[PDB]
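Student: One structure, as structure tokens, below. Some questions next.
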Amino acid sequence: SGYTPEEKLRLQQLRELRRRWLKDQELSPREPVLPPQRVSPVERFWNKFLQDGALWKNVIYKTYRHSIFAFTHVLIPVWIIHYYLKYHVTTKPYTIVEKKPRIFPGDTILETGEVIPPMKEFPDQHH
Amino acid sequence: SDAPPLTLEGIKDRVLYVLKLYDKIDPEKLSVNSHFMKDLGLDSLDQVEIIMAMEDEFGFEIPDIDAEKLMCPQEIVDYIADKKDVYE
Amino acid sequence: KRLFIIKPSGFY
Amino acid sequence: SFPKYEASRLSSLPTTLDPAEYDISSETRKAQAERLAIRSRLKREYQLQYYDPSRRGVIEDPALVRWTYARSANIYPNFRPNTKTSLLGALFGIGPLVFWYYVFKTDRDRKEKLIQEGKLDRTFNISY
Amino acid sequence: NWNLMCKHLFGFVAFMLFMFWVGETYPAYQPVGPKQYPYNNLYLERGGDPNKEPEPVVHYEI
Amino acid sequence: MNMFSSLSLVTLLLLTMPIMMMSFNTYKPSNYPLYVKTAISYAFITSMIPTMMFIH
Amino acid sequence: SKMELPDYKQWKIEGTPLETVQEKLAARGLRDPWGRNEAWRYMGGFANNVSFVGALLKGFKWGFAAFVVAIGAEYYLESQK
Amino acid sequence: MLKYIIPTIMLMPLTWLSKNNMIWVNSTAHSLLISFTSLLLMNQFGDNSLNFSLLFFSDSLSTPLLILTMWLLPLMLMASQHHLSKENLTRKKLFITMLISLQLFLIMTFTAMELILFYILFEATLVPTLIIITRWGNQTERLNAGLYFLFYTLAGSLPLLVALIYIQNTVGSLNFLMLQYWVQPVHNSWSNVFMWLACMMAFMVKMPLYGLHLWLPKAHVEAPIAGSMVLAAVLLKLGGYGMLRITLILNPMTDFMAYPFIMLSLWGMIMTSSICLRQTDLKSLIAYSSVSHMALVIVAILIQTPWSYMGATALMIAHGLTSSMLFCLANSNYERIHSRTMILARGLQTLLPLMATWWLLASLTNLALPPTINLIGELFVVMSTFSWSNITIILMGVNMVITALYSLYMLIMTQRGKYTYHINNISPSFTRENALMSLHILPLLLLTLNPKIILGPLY
Amino acid sequence: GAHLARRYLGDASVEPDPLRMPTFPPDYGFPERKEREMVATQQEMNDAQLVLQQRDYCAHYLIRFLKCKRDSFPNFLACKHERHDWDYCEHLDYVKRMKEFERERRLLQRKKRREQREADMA
Amino acid sequence: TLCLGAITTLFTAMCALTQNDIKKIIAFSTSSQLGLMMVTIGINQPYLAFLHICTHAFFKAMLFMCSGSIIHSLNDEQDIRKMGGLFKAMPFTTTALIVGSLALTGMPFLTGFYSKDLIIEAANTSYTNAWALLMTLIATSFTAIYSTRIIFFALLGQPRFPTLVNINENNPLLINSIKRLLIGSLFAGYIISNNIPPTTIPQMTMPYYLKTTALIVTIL
Amino acid sequence: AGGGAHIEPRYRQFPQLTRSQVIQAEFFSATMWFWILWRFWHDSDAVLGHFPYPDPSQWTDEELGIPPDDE
Amino acid sequence: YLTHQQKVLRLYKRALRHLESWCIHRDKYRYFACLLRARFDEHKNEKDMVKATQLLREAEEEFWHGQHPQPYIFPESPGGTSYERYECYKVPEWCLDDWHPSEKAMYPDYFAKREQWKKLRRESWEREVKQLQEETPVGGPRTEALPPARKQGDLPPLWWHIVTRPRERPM
Ligand SMILES: C[C@H](CCC(=O)O)[C@H]1CC[C@H]2[C@@H]3[C@H](O)C[C@@H]4C[C@H](O)CC[C@]4(C)[C@H]3C[C@H](O)[C@]12C
Ligand SMILES: *C(=O)CCCCCCCCCCCCC
Ligand SMILES: [Zn+2]
């Protein structure tokens with residue numbers, strides 16, 4: 001109900017080998033040996049700028065990155081979609097259809113200036 | 001996964017820390033090589049509970065084919081360090 | 001502790 | 001008290017509730033040890049190629065090859081045209097064909113009949 | 001036991017199916033009359049032929 | 001209407017931008033999870049404008 | 001690192017539900033050796049955990065305390081008109 | 001059609017007169033130009049076909065098949081470069097000549113205007129196809145597969161020869177344009193029942209019809225990769241293209257003679273789809289998949305409604321690229337483990353990250369994931385068969401479920417799980433293999449943007 | 001409800017049948033009755049594009065509520081009074097449908113009451 | 001459609017009463033909610049079924065995130081039998097977990113109240129199958145059972161998780177992500193309810209014992 | 001997993017907690033109860049009853065057009 | 001197979017594990033667990049094996065009647081939720097031999113040290129083969145156990161794969 005004398009021997013010999021393998025899996029400080037990279041000028045002005053965690057500096061960077069995104073992901077596409085919709089899509093028949101806006105008594109028609117008769121007098125509710 | 005990695009000392013300290021809380025072993029004589037059966041007079045039925053108190057500590061099951069083979073609190077430490085990939 | 005990750009060759 | 005367990009092809013008998021497990025005799029003891037010999041012998045042949053540092057390739061397994069060959073290539077030469085095979089081949093091969101024939105043919109006969117009578121609604125059917 | 005599972009599973013399914021038919025033939029509702037709609041029971045609103053004058057239907061106040 | 005249409009489709013197009021920019025690798029990795037989150041964030045607020053036009 | 005485990009002599013089953021279990025087992029001629037191993041779950045910040053009725057009422061004092069203040073402003077403001 | 005026939009022939013001098021080490025570069029490069037020029041065949045009209053001369057004509061049905069035909073020969077040269085590396089230089093050139101000759105007969109089969117000229121070229125593809133299987137297969141069973149392949153085809157083709165000559169005697173012409181205006185109804189009699197069978201049986205063996213398909217799991221499984229691609233991609237479409245043309249002169253008898261064959265095809269879908277669930281061999285799973293996809297095409301052709309014809313044309317093109325792509329993917333694994341067993345190599349996604357993406361795209365197209373052109377082709381057939389009989393939706397729907405199984409089962413078994421421990425020669429994917437898959441999927445997914453060019457003459 | 005017990009446990013002839021009501025003539029009582037008033041006309045409800053299930057006799061109140069809700073935007077908490085007026089007018093309608101049900105309840109009890117004496121006596 | 005949903009909303013709600021894995025309990029909770037959505041379509045209330053989709057998105061998502069937060073803390077231990085004593089240890093996940101459960105069960109004026117209670121109101125006062133009506137009401141009782149099962153087996157009591165565990169939930173991504181849904185699972189239904197245009201004739205008059213069926217059913 | 005404050009683990013002890021963690025959780029619980037109590041005060045008929053439910057029995061036979069038995 | 005001494009212990013372990021699932025609360029578990037130990041102690045030293053066997057056989061049928069239908073399972077054990085979760089990140093070691101020369105240049109220290117291991121395996125193989133040829137029976141191995149290293153300097157036979165096995169959490 002336990003290791004035989006030879007069983008423990010193999011385990012000890014295998015076990016000590018295993019740790020050395022795991023030990024060898026460590027990476028030296030030099031590794032990884034990254035090759036050269038052509039770094040952008042813009043990041044340089046930020047890595048030096050964001051060397052310190054100045055609270056006021058973070059906001060400028062926070063607003064800077066958001067503004068870039070809001071321009072290249074929201075403003076440019078809507079120009080394209082609006083240009084696509086206005087001069088290629090809406091110019092075709094029955095391409096864009098809008099549910100006719102609801103009209104209520106007393107309303108004023110912007111197009112023709114018509115006046116809708118109000119509803120008949122409600123006798124009384126009180127409650 | 002954000003947890004602190006295990007250590008050989010950490011395994012040993014916790015393993016003995018569980019044994020120190022068992023009423024059928026004297027903490028005075030409890031060493032790493034104190035065979036559970038011959039050197040402590042514990043029946044196998046106790047050894048089963050000893051292992052069950054460990055796998056509930058490290059939270060990982062140990063197969064019966066191997067658990068019964070562990071008869072020394074150093075073997076438990078070696079077994080876990082070998083099955084958890086610890087080397088230093 | 002910055003161990004080495006064994007992964008297949010991704011260069012190709 | 002403890003209702004007996006009743007095994008099924010989709011539910012094997014638990015090993016703990018198997019009477020043959022406890023009834024151990026000399027022949028049973030040797031058999032298991034004799035089986036382990038074969039089980040152990042094959043492990044040695046596999047590991048002397050698996051662990052070889054000069055090997056690069058697939059360790060061919062006769063057991064796997066024999067399985068594929070038995071499933072496809074060896075089927076026919078061991079087939080005999082008897083009642084067991086012939087009856088099964090008839091209601092599995094021709095059975096479904098004749099059934100579906102008298103389902104689709106009947107459906108279209110009734111459908112064609114109504115279309116001529118003019119009492120089949122096809123008001124907005126101009127794609128076919 | 002495999003046999004026991006079939007009995008309970010089919011027993012549950014069949015029992016539920018039976019009750020839905022039982023509840024179908026004996027529906028529950030509220031003690032109310034039909035909901036009443038304006039002139040001609042909305043003959044024109046819901047796709048009525050204008051030429052075919054409908055059978056007049058009139059709802060009287062209680 | 002011209003505003004209702006344009007802001008409705010930009011919502012769908014916006015979500016597809018990270019997929020297109022991951023096809024030609026015109027971005028910097030290790031910020032992609034945060035890149036996707038921002039697109040969803042901006043997609044949400046744009047979709048509100050058509051929703052308000054519907055509510056109104 | 002070398003984490004510091006707490007003293008192993010501070011785990012006593014005294015005055016904890018493990019104590020009551022032992023008393024029942026003593027009358028039956030049995031003992032519960034693992035009582036101290038399970039003791040830490042009844043000592044420290046794990047002592048006297050809230051009951052279900054209490055949990056659903058979490059934040060009631062400040063929620064109600066804020067409510068009374070909020071309504072007080074309403075009536076006082078409404079008194080003006 | 002000489003602007004494509006002569007260039008194809010010139011590929012034969014090109015291969016033989018090239019340097020020893022540049023036979024693949026020149027044939028692969030120059031055969032892609034021939035493929036490029038094939039796009040000029042798209043000059044179709046809404047009422048008339050392209051009638052070049054007294055022999056050759058091209059319409060909206062033959063045009064997509066020609067473009068697919070001339071597009072594969074470059075891909076069949078790419079696939080063959082591996083297993084032919086250690087081979088005699090002269091033999092490495094006869095193999096290329098067989099591929100070039102095979103394409104030569106195909107581009108004239110789909111354009112032949114006269115049915116007897118169609119028959120000869122349709123029948124002449126057996127020789128180069130038969131030679132490829134037997135000479136350059138890797139197994140002992142290639143010899144028996146060429147016999148099954150040869151005699152299944154001839155046993156049905158020879159009766160077709162008697163029928164066409166009989167038609168010419170009693171009509172005066174087999175020119176396809178003439179038959180459109182001189183076609184006469186086929187009265188129901190015992191004489192015609194054996195002319196309808198004679199005309200259709202030749203093509204239904206090559207589709208293949210269920211029951212007569214025993215040759216296909218032998219030919220496709222045993223042939224080399226180059227043979228498998230053409231056999232599954234373009235050669236099966238000779239049968240379907242034949243029925244789409246011969247059915248013109250078999251009305252109104254085709255309405256009741258189709259019952260034995262529609263029933264065989266409708267039920268054969270489930271039979272062959274189900275076989276793929278219990279297949280040990282990866283290449284055989286793909287071969288049986290082809291029979292189940294061609295079962296729909298047989299059904300669509302025999303019910304003769306424009307939706308079925310539009311869908312049928314799209315299945316032929318859609319299956320052509322999908323089936324060939326699967327064979328290349330399955331072959332890539334074979335070139336490493338050198339075994340066709342499906343379970344032998346597993347967990348290959350952890351070892352070949354990119355090759356496992358093509359498996360995903362190949363499988364998703366096989367199971368007709370919308371809006372791919374497999375779904376478009378398969379949808380129109382289901383829509384038209386419903387109008388034929390509502391009950392068919394049960395069989396069409398049932399086959400869809402099983403198709404979703406043997407496709408993703410193939411993906412899971414080989415690309416997921418634990419890798420086989422004892423297999424360690426899984427070298428990365430060569431640039432040749434990755435480009436070979438990109439040349440299948442990308443054309444197949446681009447056609448979703450402009451599907452009308454593969455919807456046949458009934459569009 | 002209790003009536004379901006009466007209609008399913010007990011008599012059926014003295015319990016209204018919802019799929020059949022009304023049965024007795026509208027003028028059995030009420031020697032003269034008034035036709036329900038309809039404030040909103042066909043054109044009003046069509047221009048406002050009310051759902052066909054909303055075009056009941058309470059449409060005029062609903063039409064006003066829609067008008068106030070749109071104007072109050074973005075103040076979605078306004079037009080509270082218009083909603084209560086609309087809901088209340090529906091409560092009155094539901095009352096009528098309940099009384100209509102009862103009229104069938106009591107009238108049915110009459111037939112069973114005046115047909116036993118016409119049966120036993122002769 | 002009414003009958004198909006009714007059996008599911010009850011059968012799946014029944015399965016959750018005994019599940020141990022924390023995710024599977026919420027998974028079955030989802031099935032019961034989906035069934036209730038189909039019953040609403042069955043009783044011809046298409047918009048209320050949609051209104052339950054919108055509201056159900058908020059708090060149902062939160063419970064998974066709250067559950068996922070617990071699972072990571074206890075090192076990928078998903079069994080409620082091996083949790084406990086977390087009411088004080090993880091106050092933010094606790095508050096989020098509590099708020100979600102009350103939304104699910106139909107606590108008044110939360111996100112789930114403005115859609116689930118309107119559904120129960122429309123079921124009773126309608127020409128509906130009696131058995132299907134009963135299953136919806138019974139299933140609502142089971143909603144408060146497995147919900148309490150998660151609270152009782154995951155927050156109260158005494159710890160059952162291993163000795164060395166790093167119960168940390170201070171990562172700002174976790175708080176902010178949940179803190180956005182916690183707001184939603186409170187006032188999401190309130191805002192959408194008062195803003196969507198009317199499309200029906202809501203049944204706002206009925207017996208008292210029907211108007212307060214869910215409350216008594218849930219509280220019981 | 002990554003980022004935010006750092007809490008050293010403890011052994012068989014109540015885990016270390018921060019100040020912000022407990023304040024935020026407590027505040028949201030208070031908001032939940034304020035919302036319920038506030039809404040309940042202003043909105044009670046939504047959970048109790050909007051309008052009285054008539055009792056059919058008490059309705060007189062005259063208002064429902066129920067004439068006498070004899071006639 | 002298993003010896004009757006083993007079969008009892010395994011049944012004892014399962015009874016506790018299923019008991020823990022039923023009891024849930026640790027205090028309650030400690031109660032019924034103690035009662036169970038008593039039931040297993042009253043027959044600790046039974047003499048007749050036939051009666052001892054009948055006790056095991058009857059004990060099993062009681063366990064099957066009361067076993068938890070959904071017993072607690074540890075996350076990474078067969079049947080656990082996290083079982084085999086990370087198998088997709090456990091790439092083998094031979095995959096490094098295919099790395100492009102540029103890739104190996106990024107970890108010069110690792111691969112240079114890896115080469116030491118490869119030579120260590122290559123040189124000691126021919127000895128390990130003999131070590132098993134001599135120590136095996138004439139017919140062939142009768143059991144799966146391997147001998148340890150006897151002569152100083154020799155590594156245990158069949159060591160490379162069990163020593164270089166992928167880490168349990170490679171990534
Ligand atoms: C704006 C957003 C988050 C900024 C923040 O909240 O602090 C940041 C996070 C990751 C960034 C993106 C990623 O870096 C990928 C792209 C890289 C280039 O900056 C172009 C846009 C690009 C898509 C970036 C836009 C913007 O700078 C992003 C989207
Ligand atoms: C009645 O309107 C249908 C109610 C169906 C659900 C059961 C609600 C409980 C009703 C009890 C009957 C009490 C009669 C006074
Ligand atoms: Zn090869």
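Following the order of the structure tokens, first chain is A, next is B, and so on, with residues numbered from 1 inside each chain and ligands from 1 in the order they appear.
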Hey, list the chain B side of the contact with chain L: 10 Å cut-off, only C-alpha atoms, answer as a short mmCIF file (atom, residue, chain, number, x, y, z; two decimals) with N, CA and C atoms, in the first residue's frame.

Tutor:
data_model
loop_
_atom_site.label_atom_id
_atom_site.label_comp_id
_atom_site.auth_asym_id
_atom_site.auth_seq_id
_atom_site.Cartn_x
_atom_site.Cartn_y
_atom_site.Cartn_z
N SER B 1 -3.97 32.52 -12.83
CA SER B 1 -5.07 33.49 -13.14
C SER B 1 -5.21 34.50 -12.01
N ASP B 43 -4.25 3.76 11.13
CA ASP B 43 -4.79 2.76 10.22
C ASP B 43 -5.05 3.38 8.85
N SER B 44 -5.05 2.52 7.82
CA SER B 44 -5.28 3.00 6.47
C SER B 44 -6.57 3.81 6.38
N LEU B 45 -7.61 3.40 7.11
CA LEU B 45 -8.85 4.15 7.09
C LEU B 45 -8.65 5.59 7.55
N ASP B 46 -7.64 5.83 8.39
CA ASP B 46 -7.28 7.21 8.72
C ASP B 46 -6.52 7.87 7.58
N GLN B 47 -5.63 7.13 6.92
CA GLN B 47 -4.86 7.70 5.82
C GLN B 47 -5.78 8.24 4.74
N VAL B 48 -6.90 7.56 4.49
CA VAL B 48 -7.85 8.03 3.48
C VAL B 48 -8.37 9.41 3.86
N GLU B 49 -8.73 9.60 5.12
CA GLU B 49 -9.18 10.92 5.56
C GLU B 49 -8.05 11.94 5.51
N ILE B 51 -5.63 12.13 3.23
CA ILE B 51 -5.56 12.61 1.85
C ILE B 51 -6.75 13.50 1.54
N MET B 52 -7.95 13.07 1.94
CA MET B 52 -9.14 13.86 1.67
C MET B 52 -9.04 15.25 2.30
N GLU B 55 -6.67 17.21 -0.54
CA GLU B 55 -7.31 17.61 -1.79
C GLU B 55 -8.41 18.64 -1.57
N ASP B 56 -8.96 18.73 -0.36
CA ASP B 56 -9.86 19.82 -0.02
C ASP B 56 -9.10 21.08 0.38
N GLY B 59 -7.68 21.82 -3.32
CA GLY B 59 -8.82 21.85 -4.20
C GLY B 59 -8.60 21.15 -5.53
N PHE B 60 -8.03 19.95 -5.49
CA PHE B 60 -7.86 19.15 -6.69
C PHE B 60 -7.85 17.68 -6.30
N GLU B 61 -8.61 16.87 -7.03
CA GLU B 61 -8.74 15.46 -6.70
C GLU B 61 -7.44 14.72 -6.98
N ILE B 62 -7.20 13.67 -6.19
CA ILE B 62 -6.06 12.78 -6.36
C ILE B 62 -6.61 11.39 -6.62
N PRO B 63 -6.21 10.72 -7.71
CA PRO B 63 -6.78 9.40 -8.00
C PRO B 63 -6.42 8.38 -6.93
N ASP B 64 -7.34 7.44 -6.70
CA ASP B 64 -7.13 6.43 -5.67
C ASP B 64 -5.94 5.54 -5.98
N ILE B 65 -5.64 5.32 -7.26
CA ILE B 65 -4.52 4.47 -7.62
C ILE B 65 -3.22 5.01 -7.05
N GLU B 68 -3.42 6.10 -2.23
CA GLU B 68 -3.05 5.06 -1.28
C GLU B 68 -1.55 4.84 -1.23
N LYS B 83 2.55 17.54 -9.73
CA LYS B 83 1.28 17.61 -10.45
C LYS B 83 0.79 19.04 -10.62
N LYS B 84 1.46 20.02 -10.02
CA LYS B 84 1.11 21.42 -10.18
C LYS B 84 2.18 22.22 -10.92
N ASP B 85 3.24 21.57 -11.38
CA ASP B 85 4.30 22.23 -12.14
C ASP B 85 4.98 23.31 -11.31
N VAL B 86 5.57 22.88 -10.20
CA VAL B 86 6.35 23.74 -9.33
C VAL B 86 7.77 23.20 -9.29
#

Student: Please, which residues have at least one atom within 6 Å of an atom of ligand 1, using only C-alpha atoms and all ligand atoms, listed as a PyMOL selection string?

Tutor: (chain A and resi 62+65-66+69) or (chain F and resi 27-28+31+34-35+38)

Student: Which of these residues is nearest to chain A, using only C-alpha atoms: I:45, I:122, I:98, I:79?

Tutor: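 Of the candidates, the smallest distance to chain A is held by I:45.
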
Student: Write out as a list in words each polymer residue whose atoms come within 7 Å of stretch 43-59 of chain D, counting only C-alpha atoms; drop sequence neighbours fewer than 5 positions from it.

Tutor: residues 337, 422, 423, 424 and 425 of chain H; 122, 158 and 160 of chain L

Student: Quick one: residues within 9 Å of ligand 3, with only C-alpha atoms and all ligand atoms, as JSON, numbers by chain?

Tutor: {"H": [82, 83, 332, 334, 335, 336, 337, 338]}

Student: Could you write out, as a VMD selection string, all the residues of chain E that DSSP marks as helix (DSSP H, G or I)?

Tutor: chain E and resid 2 to 25 39 to 42

Student: Kindly compile the residues surrounding ligand 2 within 9 Å, counting only C-alpha atoms and all ligand atoms, and format them as a ChimeraX atom specification.

Tutor: /E:28-31 /I:1-5 /J:123-126,130,133-134,137,206-207,209-210,213

Student: Near stretch 9-26 of chain G, counting only C-alpha atoms, which residues have an atom at most 12 Å away, once you skip same-chain residues fewer than 3 positions from it, shown as an MDAnalysis selection string?

Tutor: (chainID B and resid 17:18 20:23 27) or (chainID G and resid 5:6 29:44 46:48) or (chainID J and resid 158) or (chainID K and resid 12:13) or (chainID L and resid 25:38)

Student: Stretch 104-114 of chain A: which residues within 9 Å, counting only C-alpha atoms, same-chain residues fewer than 6 positions away excluded, as a PyMOL selection string?

Tutor: chain I and resi 44-45+47-48+63-64+66-67

Student: Leaving out residue J:11 and any residue of its chain fewer than 2 positions from it, which residues lie within 10 Å of it when counting only C-alpha atoms, given as a ChimeraX atom specification?

Tutor: /E:12 /J:5-9,13-16,28,31-32,35,135,139
